[PDB]
Amino acid sequence: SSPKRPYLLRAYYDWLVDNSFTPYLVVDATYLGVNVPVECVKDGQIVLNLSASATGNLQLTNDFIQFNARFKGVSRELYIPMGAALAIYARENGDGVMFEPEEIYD
Amino acid sequence: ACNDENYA
């Protein structure tokens, strides 16, 4: 059976947004296939604001997260394999989920 | 977060 991570990621994303929170995603910068601006990497991780206002054309698919975002004014397209998504939480209070490891992502 | 608060 396929991984549950993408389904849980979408559930929390919607819950966060619906409850007036700003969804932030924590990404494993070292995971294979991660495609984000280098200046975003800090301590081997990346933190991104996934709200509708901070992003454009956001897609939360089963295998990856993809969207446009602006960095110091520069529009860039990001691609994040689902296996690299470590957690999603509210910027306002840190409420969210830390995804459980899943064999397939290894 | 790494990205600007406003995309548009």
# chains A, B, ... in the order shown; residues from 1 in each chain; ligands from 1
$ select_by_dssp --residues "chain A" --states "alpha helix (DSSP H)" --output "PyMOL selection string"
chain A and resi 5-18
$ write_last_selection --atoms "N, CA, C and O atoms" --output "PDB file, in the first residue's frame"
ATOM      1  N   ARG A   5       1.651   9.596   4.217  1.00  0.00           N
ATOM      2  CA  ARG A   5       2.170  10.950   4.355  1.00  0.00           C
ATOM      3  C   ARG A   5       1.496  12.053   3.539  1.00  0.00           C
ATOM      4  O   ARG A   5       1.148  13.093   4.088  1.00  0.00           O
ATOM      5  N   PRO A   6       1.312  11.850   2.224  1.00  0.00           N
ATOM      6  CA  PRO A   6       0.674  12.906   1.432  1.00  0.00           C
ATOM      7  C   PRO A   6      -0.769  13.186   1.849  1.00  0.00           C
ATOM      8  O   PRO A   6      -1.218  14.333   1.816  1.00  0.00           O
ATOM      9  N   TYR A   7      -1.488  12.143   2.245  1.00  0.00           N
ATOM     10  CA  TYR A   7      -2.873  12.310   2.679  1.00  0.00           C
ATOM     11  C   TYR A   7      -2.915  13.082   3.994  1.00  0.00           C
ATOM     12  O   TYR A   7      -3.761  13.957   4.183  1.00  0.00           O
ATOM     13  N   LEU A   8      -1.993  12.767   4.897  1.00  0.00           N
ATOM     14  CA  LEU A   8      -1.935  13.463   6.180  1.00  0.00           C
ATOM     15  C   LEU A   8      -1.433  14.893   5.986  1.00  0.00           C
ATOM     16  O   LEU A   8      -1.858  15.814   6.683  1.00  0.00           O
ATOM     17  N   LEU A   9      -0.522  15.085   5.039  1.00  0.00           N
ATOM     18  CA  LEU A   9      -0.006  16.425   4.775  1.00  0.00           C
ATOM     19  C   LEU A   9      -1.149  17.337   4.319  1.00  0.00           C
ATOM     20  O   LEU A   9      -1.261  18.484   4.757  1.00  0.00           O
ATOM     21  N   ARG A  10      -1.994  16.828   3.429  1.00  0.00           N
ATOM     22  CA  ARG A  10      -3.118  17.622   2.927  1.00  0.00           C
ATOM     23  C   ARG A  10      -4.169  17.881   4.016  1.00  0.00           C
ATOM     24  O   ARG A  10      -4.750  18.963   4.075  1.00  0.00           O
ATOM     25  N   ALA A  11      -4.418  16.884   4.860  1.00  0.00           N
ATOM     26  CA  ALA A  11      -5.385  17.024   5.947  1.00  0.00           C
ATOM     27  C   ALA A  11      -4.959  18.163   6.873  1.00  0.00           C
ATOM     28  O   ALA A  11      -5.759  19.049   7.198  1.00  0.00           O
ATOM     29  N   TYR A  12      -3.694  18.148   7.286  1.00  0.00           N
ATOM     30  CA  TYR A  12      -3.183  19.187   8.173  1.00  0.00           C
ATOM     31  C   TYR A  12      -3.092  20.545   7.511  1.00  0.00           C
ATOM     32  O   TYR A  12      -3.328  21.570   8.153  1.00  0.00           O
ATOM     33  N   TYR A  13      -2.752  20.557   6.228  1.00  0.00           N
ATOM     34  CA  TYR A  13      -2.648  21.807   5.502  1.00  0.00           C
ATOM     35  C   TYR A  13      -4.014  22.487   5.536  1.00  0.00           C
ATOM     36  O   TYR A  13      -4.124  23.663   5.881  1.00  0.00           O
ATOM     37  N   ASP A  14      -5.053  21.743   5.169  1.00  0.00           N
ATOM     38  CA  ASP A  14      -6.406  22.297   5.162  1.00  0.00           C
ATOM     39  C   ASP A  14      -6.866  22.695   6.574  1.00  0.00           C
ATOM     40  O   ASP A  14      -7.449  23.763   6.761  1.00  0.00           O
ATOM     41  N   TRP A  15      -6.610  21.848   7.562  1.00  0.00           N
ATOM     42  CA  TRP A  15      -7.014  22.171   8.932  1.00  0.00           C
ATOM     43  C   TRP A  15      -6.366  23.476   9.386  1.00  0.00           C
ATOM     44  O   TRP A  15      -7.021  24.347   9.974  1.00  0.00           O
ATOM     45  N   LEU A  16      -5.073  23.615   9.108  1.00  0.00           N
ATOM     46  CA  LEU A  16      -4.336  24.820   9.479  1.00  0.00           C
ATOM     47  C   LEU A  16      -4.931  26.065   8.825  1.00  0.00           C
ATOM     48  O   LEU A  16      -5.239  27.055   9.496  1.00  0.00           O
ATOM     49  N   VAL A  17      -5.074  26.010   7.507  1.00  0.00           N
ATOM     50  CA  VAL A  17      -5.625  27.124   6.755  1.00  0.00           C
ATOM     51  C   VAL A  17      -7.053  27.474   7.203  1.00  0.00           C
ATOM     52  O   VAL A  17      -7.384  28.649   7.365  1.00  0.00           O
ATOM     53  N   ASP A  18      -7.888  26.456   7.400  1.00  0.00           N
ATOM     54  CA  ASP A  18      -9.277  26.677   7.808  1.00  0.00           C
ATOM     55  C   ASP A  18      -9.392  27.286   9.205  1.00  0.00           C
ATOM     56  O   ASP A  18     -10.384  27.947   9.527  1.00  0.00           O
TER      57      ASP A  18
END
$ interface_residues --of "chain A" --to "chain B" --cutoff "9 Å" --atoms "only C-alpha atoms" --output "JSON, numbers by chain"
{"A": [24, 25, 39, 40, 41, 46, 47, 48, 49, 51, 52, 53, 54, 55, 56, 68, 69, 70, 71, 72, 73, 75, 91]}
$ atom_distance --atom1 "CA of residue 81 in chain A" --atom2 "CA of residue 65 in chain A"
6.5 Å
$ residues_around --residues "residue 80 in chain A" --least-positions-apart "5" --cutoff "10 Å" --atoms "only C-alpha atoms" --output "mmCIF file with N, CA, C and O atoms, in the first residue's frame"
data_model
loop_
_atom_site.group_PDB
_atom_site.id
_atom_site.type_symbol
_atom_site.label_atom_id
_atom_site.label_comp_id
_atom_site.auth_asym_id
_atom_site.auth_seq_id
_atom_site.Cartn_x
_atom_site.Cartn_y
_atom_site.Cartn_z
ATOM 1 N N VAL A 27 11.434 20.914 5.493
ATOM 2 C CA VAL A 27 11.982 20.002 4.491
ATOM 3 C C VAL A 27 13.417 19.531 4.726
ATOM 4 O O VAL A 27 14.268 20.290 5.203
ATOM 5 N N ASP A 28 13.665 18.266 4.389
ATOM 6 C CA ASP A 28 14.991 17.674 4.513
ATOM 7 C C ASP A 28 15.735 18.115 3.258
ATOM 8 O O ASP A 28 15.506 17.586 2.174
ATOM 9 N N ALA A 29 16.618 19.094 3.408
ATOM 10 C CA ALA A 29 17.372 19.622 2.280
ATOM 11 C C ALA A 29 18.311 18.619 1.615
ATOM 12 O O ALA A 29 18.679 18.789 0.454
ATOM 13 N N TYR A 31 17.632 15.312 1.182
ATOM 14 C CA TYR A 31 16.887 14.271 0.486
ATOM 15 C C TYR A 31 17.020 14.431 -1.029
ATOM 16 O O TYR A 31 16.962 15.544 -1.555
ATOM 17 N N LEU A 32 17.193 13.310 -1.726
ATOM 18 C CA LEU A 32 17.350 13.311 -3.181
ATOM 19 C C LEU A 32 16.173 13.935 -3.923
ATOM 20 O O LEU A 32 15.014 13.629 -3.635
ATOM 21 N N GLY A 33 16.478 14.795 -4.891
ATOM 22 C CA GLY A 33 15.429 15.424 -5.672
ATOM 23 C C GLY A 33 14.907 16.752 -5.155
ATOM 24 O O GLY A 33 14.129 17.410 -5.845
ATOM 25 N N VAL A 34 15.310 17.153 -3.954
ATOM 26 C CA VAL A 34 14.849 18.431 -3.415
ATOM 27 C C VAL A 34 15.320 19.534 -4.351
ATOM 28 O O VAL A 34 16.510 19.623 -4.659
ATOM 29 N N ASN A 35 14.397 20.373 -4.807
ATOM 30 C CA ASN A 35 14.768 21.458 -5.706
ATOM 31 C C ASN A 35 14.292 22.801 -5.166
ATOM 32 O O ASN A 35 13.172 23.242 -5.447
ATOM 33 N N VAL A 36 15.152 23.444 -4.381
ATOM 34 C CA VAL A 36 14.851 24.740 -3.784
ATOM 35 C C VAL A 36 16.114 25.607 -3.790
ATOM 36 O O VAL A 36 17.229 25.088 -3.845
ATOM 37 N N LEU A 60 -0.181 19.860 -3.810
ATOM 38 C CA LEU A 60 0.200 18.892 -2.799
ATOM 39 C C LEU A 60 -0.235 17.557 -3.388
ATOM 40 O O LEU A 60 -1.359 17.113 -3.165
ATOM 41 N N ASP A 63 3.167 12.333 -4.574
ATOM 42 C CA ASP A 63 4.616 12.155 -4.687
ATOM 43 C C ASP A 63 5.470 13.395 -4.507
ATOM 44 O O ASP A 63 6.690 13.290 -4.337
ATOM 45 N N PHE A 64 4.857 14.569 -4.559
ATOM 46 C CA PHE A 64 5.637 15.778 -4.414
ATOM 47 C C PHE A 64 4.818 17.017 -4.138
ATOM 48 O O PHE A 64 3.599 17.045 -4.330
ATOM 49 N N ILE A 65 5.526 18.037 -3.669
ATOM 50 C CA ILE A 65 4.964 19.340 -3.384
ATOM 51 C C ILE A 65 5.619 20.260 -4.404
ATOM 52 O O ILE A 65 6.843 20.252 -4.564
ATOM 53 N N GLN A 66 4.808 21.039 -5.103
ATOM 54 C CA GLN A 66 5.333 21.938 -6.113
ATOM 55 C C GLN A 66 4.588 23.260 -6.071
ATOM 56 O O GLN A 66 3.369 23.293 -5.904
ATOM 57 N N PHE A 67 5.327 24.352 -6.209
ATOM 58 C CA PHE A 67 4.730 25.675 -6.172
ATOM 59 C C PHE A 67 5.728 26.756 -6.545
ATOM 60 O O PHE A 67 6.932 26.511 -6.632
ATOM 61 N N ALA A 85 9.541 15.765 2.983
ATOM 62 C CA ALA A 85 8.655 16.559 3.826
ATOM 63 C C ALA A 85 8.694 15.960 5.224
ATOM 64 O O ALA A 85 8.243 14.840 5.434
#
$ decode --residues "chain B" --atoms "N, CA and C atoms" --output "PDB file, in the first residue's frame"
ATOM      1  N   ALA B   1      10.340  31.522   7.723  1.00  0.00           N
ATOM      2  CA  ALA B   1      10.246  30.869   6.384  1.00  0.00           C
ATOM      3  C   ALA B   1      11.203  31.542   5.409  1.00  0.00           C
ATOM      4  N   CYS B   2      11.701  30.770   4.448  1.00  0.00           N
ATOM      5  CA  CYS B   2      12.647  31.276   3.458  1.00  0.00           C
ATOM      6  C   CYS B   2      12.017  32.233   2.442  1.00  0.00           C
ATOM      7  N   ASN B   3      10.794  31.934   2.017  1.00  0.00           N
ATOM      8  CA  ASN B   3      10.131  32.753   1.010  1.00  0.00           C
ATOM      9  C   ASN B   3       9.381  33.989   1.504  1.00  0.00           C
ATOM     10  N   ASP B   4       9.361  35.027   0.670  1.00  0.00           N
ATOM     11  CA  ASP B   4       8.668  36.274   0.990  1.00  0.00           C
ATOM     12  C   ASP B   4       7.224  35.980   1.404  1.00  0.00           C
ATOM     13  N   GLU B   5       6.699  36.775   2.330  1.00  0.00           N
ATOM     14  CA  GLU B   5       5.333  36.581   2.803  1.00  0.00           C
ATOM     15  C   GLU B   5       4.281  36.733   1.708  1.00  0.00           C
ATOM     16  N   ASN B   6       4.587  37.528   0.691  1.00  0.00           N
ATOM     17  CA  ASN B   6       3.645  37.736  -0.402  1.00  0.00           C
ATOM     18  C   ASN B   6       4.234  37.333  -1.737  1.00  0.00           C
ATOM     19  N   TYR B   7       3.582  36.388  -2.405  1.00  0.00           N
ATOM     20  CA  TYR B   7       4.048  35.935  -3.708  1.00  0.00           C
ATOM     21  C   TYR B   7       3.630  36.955  -4.757  1.00  0.00           C
ATOM     22  N   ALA B   8       2.353  37.311  -4.742  1.00  0.00           N
ATOM     23  CA  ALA B   8       1.830  38.286  -5.688  1.00  0.00           C
ATOM     24  C   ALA B   8       2.104  39.705  -5.185  1.00  0.00           C
TER      25      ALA B   8
END
